[PDB]
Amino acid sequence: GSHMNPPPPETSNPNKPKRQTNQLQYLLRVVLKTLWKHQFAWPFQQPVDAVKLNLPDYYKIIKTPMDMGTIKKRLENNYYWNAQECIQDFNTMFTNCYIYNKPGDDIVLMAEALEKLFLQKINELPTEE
């Protein structure tokens, strides 16, 4: 990709301790699966390419970028220790959208639809065993 986009968030690091939990399995098999296939997922399936979108200020404003493509890699490549780390990544993705964009912009309506599904699924996050 372009030198004018930042490196994507970390998805590989052997020094970071890893664990499978039943909650992380739910986040991959239920939460990410549900959001990824949504009609409104596509803007969120990869990092924001600020060059291609002609948003040169995007990474001046958004200093903690996150997207579902990164989360999918982190879940599939066992990057997390716990569910809270992954829930935080989803919440960062939504708040980036809401901070950068005007309320009622199409992408905001798209993010809000995904966030409503997300909340319903996370309220049913299973008890950790």
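Take the two forms, find the largest set of C-alpha atoms that superpose within 1.5 Å, and that set is the rigid core. Throughout, we count residues from 1 along the sequence that is shown.
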Next item on the list: After fitting on the rigid core, pick out whichever of 10 to 18 or 107 to 115 shows the bigger RMS C-alpha deviation in 7 other deposited structures of this protein.
Entry: 10 to 18
Next item on the list: Averaging only over Cα atoms, indicate whether 83 to 91 or 49 to 57 has the higher B-factor in the PDB entry.
Entry: 49 to 57
Check: According to the PDB entry, is the CA B factor of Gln20 in the bottom, middle or top third of its chain, that is, lowest, middle or highest?
Finding: highest
Notebook entry, point to check: Of the three thirds of its chain by CA temperature factor, lowest, middle or highest, which one includes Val30?
Noted result: highest
Check: How does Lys63 rank on Cα B-factor within its chain, lowest, middle or highest third?
Finding: middle
Next item on the list: Using the B-factors in the PDB entry, rank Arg74's C-alpha atom against the chain and give the third, lowest, middle or highest.
Entry: lowest
